[PDB]
Amino acid sequence: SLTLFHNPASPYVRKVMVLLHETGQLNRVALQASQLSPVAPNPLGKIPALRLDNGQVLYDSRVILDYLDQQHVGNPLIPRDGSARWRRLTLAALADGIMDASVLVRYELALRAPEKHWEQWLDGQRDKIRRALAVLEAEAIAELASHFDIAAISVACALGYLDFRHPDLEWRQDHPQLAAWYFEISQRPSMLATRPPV
Amino acid sequence: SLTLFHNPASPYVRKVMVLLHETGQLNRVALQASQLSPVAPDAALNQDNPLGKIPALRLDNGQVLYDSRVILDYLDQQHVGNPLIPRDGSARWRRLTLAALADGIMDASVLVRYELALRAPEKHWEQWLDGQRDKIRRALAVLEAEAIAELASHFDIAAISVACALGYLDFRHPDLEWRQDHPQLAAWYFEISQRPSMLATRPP
Ligand SMILES: N[C@@H](CCC(=O)N[C@@H](CSCCC(=O)O)C(=O)NCC(=O)O)C(=O)O
């Protein structure tokens, strides 16, 4: 079968796992436990990475999601053409950017020695997250609710990661519509099954 | 019109500019200059891309696309020549994976630039810097070992992305040697650097 190089904490892996659940493809993929190397190091250790039967490996998560969305016969979760394609992919990119910034803040606080922390840098990354959440609340609520697709899955996983690694960034208070949407989609079997450990 | 947030230093912007040049679409896209960093944001950019990153592409109706991969995907469908991103089949995912390899080199290279140029020297995290150096080297080794013929076969999304990553290494990290251990990649890069699209999009 397909082998997915996997880690249960990664929000980028989670996107893939949620799509697999949602599209009924989970039983087609074997999860290979894979080691994180955030400080210093599937020869490139890409996570997620998807190995096909010829030994060739696909990455990163966006490429893997694109591939997997074409292997099932249900409604596509990534629009194949038209304005909706780039709108949903931009919303997904917005979510990926929330993840990128969240991961940078996490790696700094969890892995860099305190003496080497840079507050202006950390605040700059926090600001990206705040600005992105504001856009979602102001512009994207109806859009997210319309279809649990590439955009909704990516945002959901970004929000899950914020709760997981950054509980002290309270985001529900200033984004109540996003909070209500998230509470609901959090109960989907795909989301329940893919929560990060501890 | 279309408006692209732009500077000549960014290799992600460069991928877009190279595609525009290769596909004959430059005269459709206005450039809006952006100077920015995570500690010095562009407030005009932030109103369009809340992540505060370039490229971002404002469409005629004011809808904004980002990040670079989304913009490349859109622009590749706005010309009637051979696509630079395969739209069907195994080739799509191989070429996009190679592009992702290149984007990984760029991502690491940019984080290293910000560490060395912006963060105070006494706060430089040597062990992480070493890690990033190694991650870049391993990616280059994979290109050298596995992808040379593939890159030379078509100057497409994969070739453009790799080329922009190499240009960025030379630009921001000239003291990081990459040619010595990757001669086939170096030779390919020397050849495609002579393409008009590459010559026209060099960093300052
Ligand atoms: N995923 C995005 C990444 C884009 C990206 O990181 N762009 C960089 C400039 S590269 C040039 C840095 C330099 O001056 O050397 C950028 O906008 N940095 C601003 C910031 O992170 O605040 C994409 O693919 O478009």
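Parameters at a glance
- Residues numbered from 1 in each chain as written, not as in the entry; some residues may be left out.
- Chains lettered and ligands numbered in written order.
- Heavy atoms only, no water.
- Helix = DSSP H or I, 4+ residues; strand = E, 2+ residues; numbered from the N terminus.
- Buried < 20%, exposed > 50% of the residue type's maximum accessible area, 1.4 Å probe, protein only.
- Contact = heavy atoms within 4.5 Å.
- UniProt positions renumbered as here; feature names shortened; annotations may be inferred.
- Near = heavy atom within 4 Å.
- Polar contact = N/O pair within 3.5 Å; in protein donor to acceptor, adjacent residues only side chain to side chain.
- Areas by Shrake-Rupley, 256 points an atom, 1.4 Å probe, with all protein chains shown as cover.
- Domains from an automatic or database assignment.
- Buried area = accessible area lost by both parts, 1.4 Å probe.
- Salt bridge = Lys/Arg side-chain N within 4 Å of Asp/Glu carboxyl O.
- Nonpolar A, V, L, I, M, F, W, Y, C, P; charged D, E, K, R; others polar.

X-ray crystallography is the method the PDB entry lists for this structure, together with a resolution of 1.5000 Å.

For chain B, the name recorded in the PDB entry is Glutathione S-transferase-like protein YibF, with Pseudomonas protegens as its organism. According to the PDB record, the title of this entry is "Crystal structure of a glutathione transferase family member from Psuedomonas fluorescens Pf-5, target EFI-900011, with bound S-(propanoic acid)-glutathione".

The PDB entry annotates chain A as Glutathione S-transferase-like protein YibF of Pseudomonas protegens.

I would appreciate a short explanation of the environment of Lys 46 of chain A in the present structure.
Relative to the helices and strands, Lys 46 of chain A is located in the loop between β2 (29-33) and β3 (49-51). We classify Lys 46 of chain A as partly exposed; its relative accessible area is 22%. Along the primary structure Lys 46 of chain A and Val 57 of chain A are separated by 11 residues, whereas in three dimensions their C-alpha atoms are 9.3 Å apart. The residues touching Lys 46 of chain A, leaving out its near neighbours within four places in the chain, are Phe 5 and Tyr 59 of chain A together with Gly 104 of chain B.

Looking at this structure, how should I read the UniProt feature "binding site: glutathione" (unreviewed entry) in chain A?
Residues and elements named next belong to chain A. Within the UniProt annotation, "binding site: glutathione" (unreviewed entry) is assigned to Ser 10, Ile 47, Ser 61, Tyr 107 and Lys 128. Looking at the element boundaries, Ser 61 is found in helix α2 (residues 61-68). Among the residues examined, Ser 61 registers a relative accessible area of 4% and is labelled buried. On the secondary structure map, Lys 128 appears in helix α4 (residues 119-146).

Hey, could you run me through the site of the ligand in this one?
Taken together, 17 residues lie near the ligand, and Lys 128 of chain A together with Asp 67, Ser 68, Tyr 114 and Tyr 168 of chain B sit nearest. Among the chains of the assembly, those with residues near the ligand are chains A and B. Between the ligand and the protein, one listed contact pairs an oxygen atom with a backbone N or O atom of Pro 38 of chain B at 3.2 Å. Here an oxygen atom of the ligand and a side-chain polar atom of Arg 172 of chain B are 2.9 Å apart. Protein chains bury 91% of the 620 Å² of accessible surface belonging to the ligand in isolation. Breaking the shell around the ligand down by element, the ones donating at least two residues are α1 (11-23), α4 (89-117) and α6 (157-172) of chain B.

Teacher, can you tell me more about the domain arrangement of chain B here?
A common way to express how large an interface is: the accessible area buried when the components associate. All names here are of chain B. Partitioning chain B into domains gives domain 1 (1-83 + 196-204) and domain 2 (84-195). Once you take the C-alpha centre of each, domain 1 and domain 2 turn out to be 19 Å apart. In this complex, domain 1 contributes 25 residues to the contact, which on the side of domain 2 involves 27 residues. Regarding the contact of domain 1 and domain 2, the summed buried area is about 2200 Å², with carbon and sulfur atoms giving 66% of it. The three residues of domain 1 that bury the most area against domain 2 are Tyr 12, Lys 15 and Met 198, which together make up 25% of that side's buried surface. Where domain 1 touches domain 2, the interface holds 4 salt bridges. Close ionic contact of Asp 103 with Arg 69 constitutes a salt bridge, the shortest N to O distance being 3.2 Å. For the pair domain 1 and domain 2, the interface holds 11 residue pairs in polar contact. When residues of the side of domain 1 that touches domain 2 are traced back to their parent elements, those giving at least two are α1, α3 (68-75) and α8 (196-199). Sorting elements by how many residues they give to the side of domain 1 that touches domain 2 places α1 first, with 8 residues. Among the residues forming the side of domain 1 that touches domain 2, the class breakdown is 14 nonpolar, 5 polar and 6 charged.

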